[PDB]
Every structure is written in C-alpha cells, then in structure tokens.
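Take a look at the structure below.
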Amino acid sequence: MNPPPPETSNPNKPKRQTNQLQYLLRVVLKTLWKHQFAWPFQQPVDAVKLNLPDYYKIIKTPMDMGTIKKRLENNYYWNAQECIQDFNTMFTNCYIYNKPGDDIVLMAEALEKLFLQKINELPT
Ligand SMILES: Nc1cc(-n2ccnc2)c2ccc(Br)c(O)c2n1
C-alpha cells in the first residue's frame, strides 16, 4: 500500500508568516504549479496506481508540491529555508528513485531549474 502522506499541520510546531514564505506560495509554488511538467509532482506518489511497488521501499522521506502547498496555506513553516528544503527533498527523491534521461527526471530537472530561478531573489 501507500504510506500515510507527510503531515500538513502540527499544532506543536511553531508557525510563522514571513514575506518570503508568502512569496514562495503566491509566486514560486503557484507558478511552478502551472508548468506543463508539474502534474506528477502535485500530489504524493501513488505507488499503487503507478505500479511502482518499490517506490517507498527506496524513498523514505517523501515530498511533493501538493504537500508543500498545503503546508504554505496552513502556515506550517517557520521560515523560507524550511520550505525550500522540502522542494529540494522532492527533487532529490525523484533523482534517487529514477535515472538520468527518464521522462520524470527531465520533468524534475526542468522544474528545479525554474525553481532555482524564482528563489534566487526573495522579498526582504
Ligand atoms: N517513477 C516516478 C514517477 C512519478 N510519477 C509519474 C506520474 N505521476 C507520478 C514520480 C512523481 C514524483 C516523483 Br518526486 C517521483 O520520484 C516520481 N517517480
């Protein structure tokens, strides 16, 4: 089966709204979300549907833009670096499970370059 998805709320984790975190939701995520290659990354990997039964044997810290989106909307993060780390976990998972040249990797490679472009400059 699929594992439980990552948490999107945690009452005992301190929350914070920063200008940078508002920007990561309004501009960075919500623009990557519209990319033609974004769809595989908008929800946790459904290893059952995709017939990838070894996915969660290999990936032990799953992450996806659907989870990141809910975390941003729920003010789950303390700072932008926490959210950026989640993006990097998602890309890294993709490169770990898959191989250079795979369709999914070409998609992640493209999103990651766009992600890096958008976060090169954050609001102050
Ligand atoms: N082999 C695959 C297939 C994926 N996919 C393809 C279509 N919908 C999901 C996929 C998605 C996100 C991440 Br992150 C991955 O590592 C993935 N790996």
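We name chains A, B, ... following the order of the structure tokens; residues begin at 1 in each chain, and ligands are numbered from 1 as shown.
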
*Taking only C-alpha atoms and all ligand atoms into account, which residues are within 10 Å of ligand 1, as an MDAnalysis selection string?*
chainID A and resid 37:47 49:52 54:56 59 62:65 87:99 102:105 107:108

*Neighbours of residue 79 (chain A) within 12 Å (only C-alpha atoms; same-chain residues fewer than 3 positions away dropped), as an NGL selection string?*
:A and (14-24 or 71-72 or 75-76 or 82-86)

Can you spit out the residues from that selection as a JSON list (two decimals), in the first residue's frame, using N, CA and C atoms?
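As a result, selection25.json now contains:
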[["chain", "number", "residue", "atom", "x", "y", "z"],
["A", 14, "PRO", "N", 6.10, 25.43, 15.93],
["A", 14, "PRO", "CA", 5.89, 26.88, 15.83],
["A", 14, "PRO", "C", 5.73, 27.32, 14.38],
["A", 15, "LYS", "N", 4.78, 28.22, 14.17],
["A", 15, "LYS", "CA", 4.41, 28.71, 12.85],
["A", 15, "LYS", "C", 4.85, 30.16, 12.70],
["A", 16, "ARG", "N", 5.05, 30.59, 11.46],
["A", 16, "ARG", "CA", 5.38, 31.98, 11.24],
["A", 16, "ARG", "C", 5.02, 32.38, 9.82],
["A", 17, "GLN", "N", 4.48, 33.59, 9.67],
["A", 17, "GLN", "CA", 4.21, 34.17, 8.36],
["A", 17, "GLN", "C", 5.30, 35.19, 8.06],
["A", 18, "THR", "N", 6.08, 34.96, 7.02],
["A", 18, "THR", "CA", 7.12, 35.89, 6.61],
["A", 18, "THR", "C", 6.82, 36.35, 5.20],
["A", 19, "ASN", "N", 7.43, 37.48, 4.82],
["A", 19, "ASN", "CA", 7.29, 37.96, 3.45],
["A", 19, "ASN", "C", 7.80, 36.91, 2.47],
["A", 20, "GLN", "N", 8.92, 36.26, 2.79],
["A", 20, "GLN", "CA", 9.47, 35.24, 1.91],
["A", 20, "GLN", "C", 8.53, 34.06, 1.76],
["A", 21, "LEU", "N", 7.89, 33.64, 2.86],
["A", 21, "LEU", "CA", 7.02, 32.47, 2.76],
["A", 21, "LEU", "C", 5.75, 32.79, 1.98],
["A", 22, "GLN", "N", 5.21, 34.01, 2.14],
["A", 22, "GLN", "CA", 4.07, 34.41, 1.32],
["A", 22, "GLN", "C", 4.44, 34.37, -0.15],
["A", 23, "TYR", "N", 5.67, 34.77, -0.47],
["A", 23, "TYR", "CA", 6.16, 34.78, -1.84],
["A", 23, "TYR", "C", 6.33, 33.37, -2.37],
["A", 24, "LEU", "N", 6.83, 32.45, -1.54],
["A", 24, "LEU", "CA", 7.01, 31.09, -2.02],
["A", 24, "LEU", "C", 5.68, 30.46, -2.43],
["A", 71, "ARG", "N", 1.13, 22.95, 3.27],
["A", 71, "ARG", "CA", 1.94, 23.49, 4.37],
["A", 71, "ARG", "C", 2.01, 25.01, 4.32],
["A", 72, "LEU", "N", 2.20, 25.57, 3.12],
["A", 72, "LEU", "CA", 2.23, 27.01, 2.96],
["A", 72, "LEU", "C", 0.88, 27.63, 3.33],
["A", 75, "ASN", "N", 0.25, 27.76, 7.04],
["A", 75, "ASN", "CA", 1.34, 28.43, 7.76],
["A", 75, "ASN", "C", 2.12, 27.44, 8.62],
["A", 76, "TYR", "N", 2.45, 26.30, 8.03],
["A", 76, "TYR", "CA", 3.15, 25.24, 8.74],
["A", 76, "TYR", "C", 4.61, 25.60, 9.02],
["A", 82, "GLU", "N", 13.00, 26.29, 5.45],
["A", 82, "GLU", "CA", 12.28, 25.05, 5.70],
["A", 82, "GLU", "C", 11.49, 24.62, 4.47],
["A", 83, "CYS", "N", 10.85, 25.57, 3.80],
["A", 83, "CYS", "CA", 10.04, 25.23, 2.64],
["A", 83, "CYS", "C", 10.93, 24.90, 1.45],
["A", 84, "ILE", "N", 12.00, 25.66, 1.27],
["A", 84, "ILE", "CA", 12.96, 25.37, 0.22],
["A", 84, "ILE", "C", 13.54, 23.97, 0.40],
["A", 85, "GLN", "N", 13.84, 23.59, 1.64],
["A", 85, "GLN", "CA", 14.34, 22.24, 1.90],
["A", 85, "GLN", "C", 13.33, 21.18, 1.46],
["A", 86, "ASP", "N", 12.03, 21.44, 1.61],
["A", 86, "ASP", "CA", 11.02, 20.49, 1.15],
["A", 86, "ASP", "C", 11.04, 20.36, -0.38]]

*Straight-line distance linking CA of residue 27 (chain A) with CA of residue 119 (chain A), stated in Å to one decimal*: 9.6 Å

*Pick out each residue of region 2-105 of chain A that DSSP on the backbone tags as alpha helix (DSSP H); I need them as a VMD selection string.*
chain A and resid 19 to 23 30 to 32 55 to 58 65 to 73 80 to 97 103 to 105

_Pairwise distance for CA of residue 114 (chain A) and CA of residue 61 (chain A), rounded to one decimal in Å_ =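 Rounded to one decimal, the two atoms are 22.8 Å apart.
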
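Of the listed residues (A:121, A:112, A:48, A:101), A:48 comes nearest to residue 1 (chain A); the distances count only C-alpha atoms.
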
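Comparing the minimum interatomic distances between residue 73 (chain A) and each of A:111, A:25, A:106, A:32, counting only C-alpha atoms, we find that A:25 sits nearest.
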
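Pairwise distance (CA of residue 60 (chain A), CA of residue 13 (chain A)) equals 21.4 Å.
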
*Between A:69, A:34, A:57, A:113, which is the closest to residue 3 (chain A) once you count only C-alpha atoms?*
A:57
